[PDB]
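Residue numbers (the UniProt record's numbering), protein chains in the order written: chain R, 4 to 97; chain A, 2 to 201; chain G, 2 to 86; chain Y, 2 to 114. Yeah, the Cβ is synthetic: ideal placement off N, Cα and C, and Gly gets one too. To start, the structure itself, in structure tokens.
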Amino acid sequence: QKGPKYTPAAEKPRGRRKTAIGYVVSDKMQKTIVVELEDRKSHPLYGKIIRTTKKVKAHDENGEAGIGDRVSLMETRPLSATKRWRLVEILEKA
Amino acid sequence: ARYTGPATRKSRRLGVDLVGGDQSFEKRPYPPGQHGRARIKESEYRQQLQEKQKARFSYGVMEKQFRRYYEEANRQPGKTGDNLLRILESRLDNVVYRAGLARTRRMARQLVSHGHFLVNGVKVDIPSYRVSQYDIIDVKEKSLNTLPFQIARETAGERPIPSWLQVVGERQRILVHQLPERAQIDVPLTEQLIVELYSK
Amino acid sequence: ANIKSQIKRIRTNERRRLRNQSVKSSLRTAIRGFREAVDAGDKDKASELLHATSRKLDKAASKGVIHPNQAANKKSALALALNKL
Amino acid sequence: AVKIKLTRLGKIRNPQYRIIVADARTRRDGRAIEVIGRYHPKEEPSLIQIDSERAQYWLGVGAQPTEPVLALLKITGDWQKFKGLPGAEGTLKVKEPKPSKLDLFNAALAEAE
RNA sequence: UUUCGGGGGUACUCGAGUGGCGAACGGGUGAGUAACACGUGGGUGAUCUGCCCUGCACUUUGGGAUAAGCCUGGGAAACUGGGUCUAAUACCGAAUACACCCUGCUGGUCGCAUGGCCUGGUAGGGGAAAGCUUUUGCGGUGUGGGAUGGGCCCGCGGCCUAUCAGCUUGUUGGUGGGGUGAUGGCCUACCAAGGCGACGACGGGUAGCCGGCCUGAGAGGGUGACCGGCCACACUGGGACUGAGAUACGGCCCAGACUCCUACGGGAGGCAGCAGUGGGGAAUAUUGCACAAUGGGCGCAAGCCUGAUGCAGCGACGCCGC
Ligand SMILES: [Mg+2]
Ligand SMILES: [Mg+2]
Ligand SMILES: [Mg+2]
Ligand SMILES: [Mg+2]
Ligand SMILES: [Mg+2]
Ligand SMILES: [Mg+2]
Ligand SMILES: [Mg+2]
Ligand SMILES: [Mg+2]
Ligand SMILES: [Mg+2]
Ligand SMILES: [Mg+2]
Ligand SMILES: [Mg+2]
Ligand SMILES: [Mg+2]
Ligand SMILES: [Mg+2]
Ligand SMILES: [Mg+2]
Ligand SMILES: [Mg+2]
Ligand SMILES: [Mg+2]
Ligand SMILES: [Mg+2]
Ligand SMILES: [Mg+2]
Ligand SMILES: [Mg+2]
Ligand SMILES: [Mg+2]
Ligand SMILES: [Mg+2]
Ligand SMILES: [Mg+2]
Ligand SMILES: [Mg+2]
Ligand SMILES: [Mg+2]
Ligand SMILES: [Mg+2]
Ligand SMILES: [Mg+2]
Ligand SMILES: [Mg+2]
Ligand SMILES: [Mg+2]
Ligand SMILES: [Mg+2]
Ligand SMILES: [Mg+2]
Ligand SMILES: [Mg+2]
Ligand SMILES: [Mg+2]
Ligand SMILES: [Mg+2]
Ligand SMILES: [Mg+2]
Ligand SMILES: [Mg+2]
Ligand SMILES: [Mg+2]
Ligand SMILES: [Mg+2]
Ligand SMILES: [Mg+2]
Ligand SMILES: [Mg+2]
Ligand SMILES: [Mg+2]
Ligand SMILES: [Mg+2]
Ligand SMILES: [Mg+2]
Ligand SMILES: [Mg+2]
Ligand SMILES: [Mg+2]
Ligand SMILES: [Mg+2]
Ligand SMILES: [Mg+2]
Ligand SMILES: [Mg+2]
Ligand SMILES: [Mg+2]
Ligand SMILES: [Mg+2]
Ligand SMILES: [Mg+2]
Ligand SMILES: [Mg+2]
């Protein structure tokens with residue numbers, strides 16, 4: 004009874020990354036852009052709906068997005084400090 | 002720590018006979034004290050306390066256990082009144098008394114404490130023993146040949162045994178079948194005042 | 002130091018620390034020779050110096066003084082630098 | 002080095018034990034990966050219970066039971082099954098059934114009448 | 001064998017000495033911390049992992065050195081200088097590996113992008129070992145897969161305070177290098193001058209967090225006792241070696257305060273571990289018994305250690321029964 008030299012493991016399905024859609028506001032820095040993400044949440048106590056925005060920096064390699072541009076983002080591995088997002092596709096332009 | 006004071010004193014103070022054979026009670030119904038004839042202002046609090054005192058000092062129970070029984074009966078999905086009445090009647094001393102084997106609740110309590118009874122063939126000496134649904138109680142030969150046990154068993158002409166209790170033989174073998182109902186128990190006093198007092 | 006085991010461990014740690022420091026210094030000197038050769042800008046003398054350096058790094062990795070992954074990265078970088086320069 | 006564990010439960014005068022799979026470096030009552038059995042010394046028949054499939058899986062993956070755990074596995078037959086030497090033999094003795102109080106009462110009433 | 005001073009072997013047994021495993025486990029405390037520290041939910045195509053289980057090929061050879069023991073000096077002391085001497089699984093060359101690691105060439109899938117996977121293929125180079133035992137045998141090397149143990153990143157949640165309005169220069173982003181196991185201004189050189197801010201930045205005050213406990217019908221308010229899971233610390237402040245694993249409590253080096261011994265040459269310390277002593281206050285205990293069961297550490301086993309633990313004494317401090 005001789006076993007094979009290779010014993011394959013179980014194919015772990017690749018995980019999913021968070022996806023975000025927002026509007027870019029500044030691109031003057033080279034090949035890196037910041038996008039605003041709009042989120043709506045109910046107040047824990049009173050119940051009035053509150054609108055809040057968060058600032059996140061994405062990754063680019065051509066600087067194809069101008070000011071006031073709508074793009075899409077999704078989570079990725081770290082690249083720089085506080086920068087953890089990448090550009091996937093441009094949707095609308097103006 | 003049981004109560005060692007005079008028994009007729011409490012019946013006189015509460016104004017309702019407790020043992021039922023108290024000649025002094027009917028001789029003098031007014032309460033003791035120098036000014037026992039003075040009128041007393043009406044007070045729902047007063048009557049509520051009086052009912053509690055009557056019940057507790059008639060069953061000879063300690064108020065810590067009485068409060069615990071109230072809490073258990075109230076939490077029980079039944080109605081507080083009849084649940085408390087049944088759980089308090091389930092006391093072993095009251096069981097043996099209402100079986101006709103004992104002429105006084107204090108007699109039952111003392112004999113049980115001295116351990117003159119057998120339950121399920123296992124020796125038990127606890128006046129506060131819990132008798133659940135569909136149980137059995139036995140008696141030992143030492144108690145059978147004991148003097149007062151005899152006099153009691155061949156002089157058992159007291160109030161008729163209730164539905165849930167019943168004797169079957171000369172050995173005084175007691176039984177319990179089901180949960181009694183309020184009307185079938187038909188015990189003195191009223192528990193609405195007690196439950197209101199505790200709800201307060 | 003209160004237990005004979007502790008004193009024995011101190012002695013063994015001192016001696017084998019001297020050993021590990023010696024071997025690490027040897028590898029550091031080899032890497033320094035690599036760096037001097039690269040800065041000078043040699044090709045064939047480089048070829049055999051990096052061959053010897055890879056041999057020494059593999060020796061260290063097998064001996065456990067340095068991690069196999071660390072040695073692999075070291076010698077991958079060596080080959081990288083040789084090819085680009 | 003996963004090992005089978007026994008964890009003390011209950012008050013002082015009546016110990017109870019949980020057959021647990023957990024790392025050796027943890028505490029006696031530390032975090033438990035899984036619970037598979039129990040042990041009650043106080044009862045003179047010493048009631049036993051083990052999850053057969055889980056125990057076999059753990060032995061196959063390579064857990065090392067302690068001495069009392071190994072004794073329990075041998076007596077229950079899980080060790081015998083895993084090793085394959087004698088086979089699967091059940092040496093456990095079942096709890097002596099308590100006779101039905103219903104029929105105790107029926108016999109007592111018949112005797113009374 | 002004997003003179004009862006003692007002379008040899010035996011390994012049953014073993015003082016001290018080399019060599020393995022352990023010592024980061026277990027146990028204690030809540031000063032610091034308003035932070036990815038904690039809860040909750042994911043990612044790791046960016047990772048490591050002794051002992052354990054299960055497969056693959058093996059496990060050749062040569063050599064130097066030392067403790068120990070003996071002689072000897074300082075000195076009460078610890079400890080230490082000099083000479084002689086010896087064995088191992090202690091130490092060091094060489095035998096191959098092609099399941100491992102780079103470099104140049106060359107194809108299929110995914111998208112989540114570098115690129116990953118397909119162990120893709122191709123030419124060159126390199127990587128290791130120890131025996132004892134005759135018994136329920138353990139070990140030595142590289143690699144495939146399990147389970148445990150971990151490391152790093154991210155969305156959301158949880159005190160008061162403008163009688164605290166600007167802050168920051170490795171600060172923000174990119175290239176070439178070093179860095180570690182790992183991606184990363186993690187570090188360095190050169191470029192661009194930004195980034196965070198009234199949806200409260202930067203400051204000031206207080207506090208370990210959670211499953212829970214008390215109260216309350218419910219929302220809500222107070223709180224972190226014991227038990228259980230994480231984080232930080234070991235007289236105060238810095239640093240590093242070892243290791244698979246380090247805030248390394250009873251491991252190491254340095255700077256400060258205190259105490260102790262002293263032959264005045266010189267040396268030793270960290271009870272926030274278990275008992276116990278001084279002070280604080282209103283107050284919280286005995287310098288107790290055992291490995292009888294469970295766990296842990298070492299050894300093939302017998303076997304040894306365990307103030308973990310299991311119990312005892314003291315306190316109407318609480319609940320329950322007579
Ligand atoms: Mg960078
Ligand atoms: Mg130097
Ligand atoms: Mg030099
Ligand atoms: Mg038992
Ligand atoms: Mg027995
Ligand atoms: Mg010895
Ligand atoms: Mg060993
Ligand atoms: Mg230590
Ligand atoms: Mg260790
Ligand atoms: Mg520790
Ligand atoms: Mg701890
Ligand atoms: Mg504090
Ligand atoms: Mg602050
Ligand atoms: Mg997070
Ligand atoms: Mg977390
Ligand atoms: Mg946490
Ligand atoms: Mg020496
Ligand atoms: Mg030798
Ligand atoms: Mg060796
Ligand atoms: Mg060699
Ligand atoms: Mg070779
Ligand atoms: Mg392949
Ligand atoms: Mg090669
Ligand atoms: Mg060798
Ligand atoms: Mg494997
Ligand atoms: Mg593996
Ligand atoms: Mg929060
Ligand atoms: Mg700079
Ligand atoms: Mg780089
Ligand atoms: Mg690096
Ligand atoms: Mg930088
Ligand atoms: Mg920085
Ligand atoms: Mg409640
Ligand atoms: Mg609440
Ligand atoms: Mg709080
Ligand atoms: Mg606490
Ligand atoms: Mg705790
Ligand atoms: Mg410190
Ligand atoms: Mg300190
Ligand atoms: Mg400090
Ligand atoms: Mg290391
Ligand atoms: Mg380790
Ligand atoms: Mg200490
Ligand atoms: Mg103490
Ligand atoms: Mg005082
Ligand atoms: Mg007190
Ligand atoms: Mg134990
Ligand atoms: Mg043991
Ligand atoms: Mg000891
Ligand atoms: Mg007491
Ligand atoms: Mg007192």
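Taken in chain order, the unbroken stretches of alpha helix (DSSP H) that lie wholly in the segment 56 to 82 of chain A and span 4 residues or more are 64 to 76. Judged by their CB atoms, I37 of chain Y and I49 of chain Y are not nearer to each other than the 7 Å cut-off.
What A113 of chain Y touches in chain A, judged by beta-carbon distance under 7 Å, is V169, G170 and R174, going in chain order.
Remark: C-beta atoms of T8 of chain Y and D30 of chain Y approach each other more closely than 7 Å. Around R99 of chain A, the same chain offers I162, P163 and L166 as residues with beta carbons nearer than 7 Å, after the five sequence neighbours per side are excluded. Interface annotation for the UniProt domain "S4 RNA-binding" (91 to 157) of chain A against chain Y: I137, criterion Cβ-Cβ distance under 7 Å.
Fewer than three Cβ pairs drawn from the segment 18 to 30 of chain G and the segment 65 to 85 of chain A lie within less than 8 Å of each other, which leaves the two stretches out of contact. If the five residues before and after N15 of chain Y are omitted, its C-beta is found closer than 8 Å to the C-beta atoms of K43, all from its own chain and listed in chain order. The alpha carbon of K84 of chain Y has as its nearest neighbour, out of Y:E97, Y:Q17, Y:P98 and Y:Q57, the alpha carbon of Y:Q57. Here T22 of chain R carries a strand assignment [DSSP, helix/strand/coil]. Ranked by how close their Cα comes to the Cα of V37 of chain R, the residues R:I24, R:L48, R:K51 and R:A12 have R:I24 in first place. Exclusion of the five residues before and after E159 of chain A leaves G101 as the residues of its chain whose Cβ lies within less than 6 Å of its Cβ. Here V140 of chain A really is in contact with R172 of chain A; their C-beta atoms are around 6 Å apart, less than 8 Å. Taking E142 of chain A as reference, the option from A:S133, A:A109 and A:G122 with the minimal CA-CA separation is A:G122. Chain-ordered listing is empty here: chain A has no CB closer than 7 Å to the CB of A108 of chain Y, the nearest sitting near 11 Å.
For the 7 Å CB-CB criterion, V97 of chain A and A103 of chain A form a contact.
DSSP, reduced to helix, strand and coil, places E14 of chain R outside both helices and strands of the structure shown, so it counts as coil.
Note that the C-beta distance between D94 of chain A and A109 of chain A is below 7 Å. Assignment of alpha helix (DSSP H) within the segment 79 to 120 of chain A, counting only whole runs of 4 or more residues, yields 81 to 90, 93 to 99 and 106 to 115 in chain order.
The beta carbon of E90 of chain Y sits closer than 8 Å to the beta carbons of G78 and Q81 from its chain, once the five residues preceding and following it are set aside; these are given in chain order. Relative to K34 of chain R, the option among R:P7, R:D72 and R:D63 whose CA is nearest is R:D63. At a Cβ-Cβ threshold of 7 Å, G22 of chain A and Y31 of chain A do not count as neighbours. Secondary structure remark: continuous beta strand (DSSP E) runs of at least 3 residues inside the segment 27 to 86 of chain Y, in chain order: 35 to 40 and 49 to 51.
Selection A:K201, A:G170 and A:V188 evaluated against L86 of chain A yields A:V188 as nearest (Cα-Cα). Secondary structure of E95 of chain R (DSSP, three-state): strand.
Ordered along the chain, residues surrounding ligand 4 are Y:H41, Y:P42, Y:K43, Y:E44, Y:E45, Y:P46, Y:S47 and Y:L48 [Cβ under 7 Å from any heavy atom]. In the assembly as shown, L79 of chain G is a buried residue. Its beta-carbon has 16 or more other beta-carbons within 10 Å.
Per DSSP, reduced to three states, the secondary structure at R54 of chain R is strand. Taking C-beta separations shorter than 8 Å and ignoring five residues to either side along the sequence, the partners of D18 of chain A in its chain run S12, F26 and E27, following chain order. In the structure shown, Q17 of chain Y adopts extended strand secondary structure according to DSSP, grouped into three states. Every alpha helix (DSSP H) stretch that sits fully inside the segment 23 to 71 of chain G and reaches 4 residues is listed by chain position as 45 to 64. In chain order, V37 and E39 place their CB closer than 7 Å to the CB of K58 of chain R, counting only its own chain and leaving out the 5 sequence neighbours on each side. Just measuring C-alpha positions, the residue of A:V169, A:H117, A:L112 and A:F58 sitting nearest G6 of chain A is A:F58.
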